[PDB]
Amino acid sequence: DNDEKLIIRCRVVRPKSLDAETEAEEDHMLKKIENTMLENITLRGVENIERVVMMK
Amino acid sequence: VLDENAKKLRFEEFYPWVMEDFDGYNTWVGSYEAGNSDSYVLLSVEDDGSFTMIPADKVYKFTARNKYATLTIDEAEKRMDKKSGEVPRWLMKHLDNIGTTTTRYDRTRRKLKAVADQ
Amino acid sequence: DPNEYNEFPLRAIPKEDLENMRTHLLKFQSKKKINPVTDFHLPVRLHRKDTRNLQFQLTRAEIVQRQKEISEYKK
Amino acid sequence: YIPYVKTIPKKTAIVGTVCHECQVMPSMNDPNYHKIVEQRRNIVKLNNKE
Amino acid sequence: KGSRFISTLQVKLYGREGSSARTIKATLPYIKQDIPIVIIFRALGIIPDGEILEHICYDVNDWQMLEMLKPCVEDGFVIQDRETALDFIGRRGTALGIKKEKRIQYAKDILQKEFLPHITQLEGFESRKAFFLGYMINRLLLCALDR
Amino acid sequence: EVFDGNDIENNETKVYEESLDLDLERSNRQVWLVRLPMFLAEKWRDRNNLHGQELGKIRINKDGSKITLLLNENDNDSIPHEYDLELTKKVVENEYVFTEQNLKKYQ
Amino acid sequence: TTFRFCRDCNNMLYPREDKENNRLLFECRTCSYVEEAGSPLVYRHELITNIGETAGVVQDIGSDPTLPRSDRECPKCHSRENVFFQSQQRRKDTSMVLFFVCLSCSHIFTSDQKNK
Amino acid sequence: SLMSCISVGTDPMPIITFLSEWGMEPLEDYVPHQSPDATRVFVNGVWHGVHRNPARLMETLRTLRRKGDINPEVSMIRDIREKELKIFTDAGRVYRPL
Ligand SMILES: [Zn+2]
Ligand SMILES: [Zn+2]
């Protein structure tokens, strides 16, 4: 929190077997998971709950 | 009824200009341009410092053809269909090694070398 | 004005050579330098032809080679 | 390969290379100037249709 | 003046904001199918991908618009020649009279006399059609980018 | 002027009596592409004219950067006699001029 | 993102990894041309963007009669005449910060006092 | 309204020729990357070309219409922000005097 800028760094780990064909789409796969990491991640709360406002 | 000028242009431009070298290394196809076909004029510089006047007739735009082994309509259509989620990023390189989808320049060089060897 | 310039005459081309002759403009659409005088492999041909299947048509070099073997085959 | 292409041969020759592109514009100080402007104005003024 | 008929051209941005690939497809008369814009641009005589993008975006530093255009060039990657693009258009046409050889010419007429007719309908005006098409796509992207 | 295609039979040797390769000899010739105004282009592109008469002169400053055209007095004092040739592109590339005429069909 | 384009055919270049040097190369998917990358950034997605706030500024912006005039001080030439307009972004999440264009130096500044 | 009128429309060809003679660069040689300041010129929704000095061009067009060289019903709009110059000559446009 004390850091001036809030940054998250993520790295995908490849399996023991080497996939020569996935290198072409390696960056594309990252573009896929990041998009799903922006949408399909529920940090906290109940689904279908857009916003909550406090009233007295 | 069709305007005479257009019909002549259509018949004249039915087959576009094609410029090919001896070895097929360069293949350019010309396309007619009508925006400024008749609004241009040429000035040819003589070998004595003088200028010569020649009216301009037509303007042709030439684009290179078959320089990097383009695929065919049937091959292109097969890939577009849902045979796979997305086309491979290096599909062109992969098929280059297999030997399929060669170029006219390479297709002619190999045949010429196939004769010089004997 | 002072003669601090170069002035050359401008004369029209004779019309006797403009008949049965069409002068068009050729524009190579590319970002690099294209010069058929040096870049291309002579001889070169500029004709009118159909562009259908412009990927499996015999190159001018091929026909010359095919003509040589055809003459040898016929002989 | 294909055995027929149906070409149309013609006699052609390259008779020059373009080096300069120019645009001729009448001098604004020319004595005969302000007549082209009137001619240009007449272009829109003209009403050929009857 | 001349025919008094109306032909509508639609450019659609498929996919939503949460999609990983949003491509732009254009609707042409007498084609029955939505064609990618890149194919149309190639059918108009602009094969290079760099030239096509230059027709859409008029600023070299507007990477945001280019990033949204990258899927389009990827979609039409397997078609990279004018003749190939024209044949692709012809096959989709709803004529079924062209067997195998008049398809390219049939599509040529559609792109000439029935595609954006309000500019012109005479042969030799592909440059104007391509530039106007880019303007429509550019405006579409500006709205999609909240510009 | 329809003719065979690939021509593996070598039929052009007798059908045509002239070389079919474009003459790449006059290409080393500087040419200025000039767009003319409507009033000037209407009288210079007419085929009922252009008999070889001197239509004017071109004057280039010794240091360059400024060109001007001076027409003769044959315009009938109806159009300007001086024009400023503006170089819209000092360097022009990938542009060429080619001619076109028919070939001899006999022998 | 600084999109890079091919040099031989003007096609769009794509990033590729070479294990012989563990470096970054840009290669063409059609003509087999390579070019060494200059920056390690290849993709950039901006959820909250400030690009386009001053879109439409030209050398003759002051000639527009509709644009309002103001008496604010330009902090680069000490002038009082200028035309101001709000952000051009149409998203309903942007603040009402003004953007001022000076008719003497074409310098663009902002009235923001929160972040600037 | 009382002072509103509807245009009857005229031929746009004379205006197109006039624009070309006054520096409207044709669209067949317009390179966006070599002139990222030109104003697009539209006539009846048709992109005819671009101009390098829109301010001078608009002044000439406005003066001609006011003096009576161009039909008054012709509408000219210069979108400075969008760098566009639209000229409308088709019929059916509602206008009023000011
Ligand atoms: Zn390339
Ligand atoms: Zn200032």
# chains A, B, ... in the order shown; residues from 1 in each chain; ligands from 1
call {"tool": "residues_near_ligand", "arguments": {"ligand": "ligand 1", "cutoff": "10 Å", "atoms": "only C-alpha atoms and all ligand atoms", "output": "MDAnalysis selection string"}}
result
(chainID B and resid 68) or (chainID E and resid 48:49) or (chainID G and resid 5:13 27:34)
call {"tool": "residues_near_ligand", "arguments": {"ligand": "ligand 2", "cutoff": "9 Å", "atoms": "only C-alpha atoms and all ligand atoms", "output": "PyMOL selection string"}}
result
chain G and resi 73-82+101-108
call {"tool": "residues_around", "arguments": {"residues": "residue 67 of chain E", "least_positions_apart": "2", "cutoff": "9 Å", "atoms": "only C-alpha atoms", "output": "ChimeraX atom specification"}}
result
/E:62-65,69-71 /G:1,3,43-45
call {"tool": "atom_distance", "arguments": {"atom1": "atom CA of residue 27 of chain F", "atom2": "atom CA of residue 103 of chain B"}}
result
28.8 Å
call {"tool": "closest_atom_pairs", "arguments": {"of": "chain B", "to": "chain F", "cutoff": "6 Å", "atoms": "only C-alpha atoms", "output": "Markdown table"}}
result
| residue | atom | partner | partner_atom | distance |
| --- | --- | --- | --- | --- |
| B:40 | CA | F:35 | CA | 4.8 |
| B:41 | CA | F:34 | CA | 5.3 |
| B:42 | CA | F:33 | CA | 5.0 |
| B:43 | CA | F:32 | CA | 4.9 |
| B:44 | CA | F:31 | CA | 4.6 |
| B:45 | CA | F:30 | CA | 5.8 |
| B:55 | CA | F:45 | CA | 5.7 |
call {"tool": "decode", "arguments": {"residues": "segment 16-38 of chain D", "atoms": "N, CA, C and O atoms", "output": "mmCIF file, in the first residue's frame"}}
result
data_model
loop_
_atom_site.group_PDB
_atom_site.id
_atom_site.type_symbol
_atom_site.label_atom_id
_atom_site.label_comp_id
_atom_site.auth_asym_id
_atom_site.auth_seq_id
_atom_site.Cartn_x
_atom_site.Cartn_y
_atom_site.Cartn_z
ATOM 1 N N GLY D 16 9.910 8.326 -70.886
ATOM 2 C CA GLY D 16 10.250 9.323 -69.889
ATOM 3 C C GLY D 16 9.910 8.932 -68.467
ATOM 4 O O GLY D 16 9.057 8.071 -68.231
ATOM 5 N N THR D 17 10.582 9.567 -67.509
ATOM 6 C CA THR D 17 10.334 9.366 -66.089
ATOM 7 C C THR D 17 9.961 10.701 -65.462
ATOM 8 O O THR D 17 10.635 11.710 -65.696
ATOM 9 N N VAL D 18 8.886 10.706 -64.673
ATOM 10 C CA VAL D 18 8.431 11.945 -64.058
ATOM 11 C C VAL D 18 9.376 12.329 -62.928
ATOM 12 O O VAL D 18 9.726 11.504 -62.074
ATOM 13 N N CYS D 19 9.791 13.591 -62.921
ATOM 14 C CA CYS D 19 10.708 14.118 -61.918
ATOM 15 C C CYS D 19 10.104 15.236 -61.084
ATOM 16 O O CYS D 19 10.488 15.406 -59.924
ATOM 17 N N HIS D 20 9.174 16.005 -61.643
ATOM 18 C CA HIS D 20 8.541 17.108 -60.936
ATOM 19 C C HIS D 20 7.047 17.115 -61.220
ATOM 20 O O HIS D 20 6.623 16.930 -62.365
ATOM 21 N N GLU D 21 6.254 17.328 -60.172
ATOM 22 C CA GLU D 21 4.821 17.551 -60.299
ATOM 23 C C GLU D 21 4.550 19.031 -60.064
ATOM 24 O O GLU D 21 4.978 19.590 -59.049
ATOM 25 N N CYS D 22 3.843 19.661 -60.998
ATOM 26 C CA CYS D 22 3.655 21.101 -60.993
ATOM 27 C C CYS D 22 2.174 21.450 -61.052
ATOM 28 O O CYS D 22 1.343 20.667 -61.518
ATOM 29 N N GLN D 23 1.859 22.650 -60.568
ATOM 30 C CA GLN D 23 0.504 23.193 -60.618
ATOM 31 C C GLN D 23 0.597 24.618 -61.144
ATOM 32 O O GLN D 23 1.167 25.490 -60.481
ATOM 33 N N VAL D 24 0.037 24.854 -62.326
ATOM 34 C CA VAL D 24 0.088 26.174 -62.947
ATOM 35 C C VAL D 24 -1.000 27.044 -62.332
ATOM 36 O O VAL D 24 -2.179 26.674 -62.329
ATOM 37 N N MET D 25 -0.604 28.203 -61.809
ATOM 38 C CA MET D 25 -1.535 29.155 -61.224
ATOM 39 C C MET D 25 -1.244 30.534 -61.807
ATOM 40 O O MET D 25 -0.092 30.997 -61.749
ATOM 41 N N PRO D 26 -2.238 31.219 -62.373
ATOM 42 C CA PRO D 26 -1.973 32.541 -62.952
ATOM 43 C C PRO D 26 -1.475 33.519 -61.900
ATOM 44 O O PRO D 26 -1.903 33.491 -60.744
ATOM 45 N N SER D 27 -0.555 34.388 -62.312
ATOM 46 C CA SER D 27 -0.026 35.395 -61.405
ATOM 47 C C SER D 27 -1.124 36.368 -60.998
ATOM 48 O O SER D 27 -1.907 36.835 -61.831
ATOM 49 N N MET D 28 -1.179 36.676 -59.700
ATOM 50 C CA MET D 28 -2.206 37.576 -59.190
ATOM 51 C C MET D 28 -1.964 39.022 -59.601
ATOM 52 O O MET D 28 -2.909 39.818 -59.602
ATOM 53 N N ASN D 29 -0.729 39.379 -59.952
ATOM 54 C CA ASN D 29 -0.384 40.734 -60.359
ATOM 55 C C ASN D 29 -0.432 40.915 -61.873
ATOM 56 O O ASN D 29 -0.134 42.007 -62.370
ATOM 57 N N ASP D 30 -0.797 39.872 -62.613
ATOM 58 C CA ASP D 30 -0.813 39.948 -64.066
ATOM 59 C C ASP D 30 -1.876 40.944 -64.535
ATOM 60 O O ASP D 30 -2.978 40.980 -63.979
ATOM 61 N N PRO D 31 -1.576 41.762 -65.550
ATOM 62 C CA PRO D 31 -2.594 42.721 -66.023
ATOM 63 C C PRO D 31 -3.872 42.052 -66.499
ATOM 64 O O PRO D 31 -4.967 42.595 -66.301
ATOM 65 N N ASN D 32 -3.764 40.879 -67.123
ATOM 66 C CA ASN D 32 -4.946 40.158 -67.579
ATOM 67 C C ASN D 32 -5.641 39.406 -66.455
ATOM 68 O O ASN D 32 -6.681 38.784 -66.699
ATOM 69 N N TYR D 33 -5.099 39.448 -65.237
ATOM 70 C CA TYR D 33 -5.750 38.827 -64.090
ATOM 71 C C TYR D 33 -7.075 39.528 -63.820
ATOM 72 O O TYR D 33 -7.418 40.491 -64.510
ATOM 73 N N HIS D 34 -7.847 39.003 -62.866
ATOM 74 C CA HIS D 34 -9.194 39.451 -62.509
ATOM 75 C C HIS D 34 -10.157 39.290 -63.683
ATOM 76 O O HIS D 34 -11.317 39.705 -63.598
ATOM 77 N N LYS D 35 -9.689 38.688 -64.782
ATOM 78 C CA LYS D 35 -10.597 38.203 -65.814
ATOM 79 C C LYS D 35 -10.887 36.722 -65.630
ATOM 80 O O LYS D 35 -12.015 36.279 -65.871
ATOM 81 N N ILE D 36 -9.887 35.950 -65.202
ATOM 82 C CA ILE D 36 -10.118 34.551 -64.862
ATOM 83 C C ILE D 36 -11.089 34.452 -63.693
ATOM 84 O O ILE D 36 -11.978 33.591 -63.677
ATOM 85 N N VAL D 37 -10.937 35.329 -62.699
ATOM 86 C CA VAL D 37 -11.858 35.333 -61.566
ATOM 87 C C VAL D 37 -13.284 35.560 -62.051
ATOM 88 O O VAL D 37 -14.220 34.881 -61.612
ATOM 89 N N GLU D 38 -13.471 36.516 -62.963
ATOM 90 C CA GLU D 38 -14.786 36.710 -63.560
ATOM 91 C C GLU D 38 -15.227 35.478 -64.339
ATOM 92 O O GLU D 38 -16.399 35.089 -64.268
#
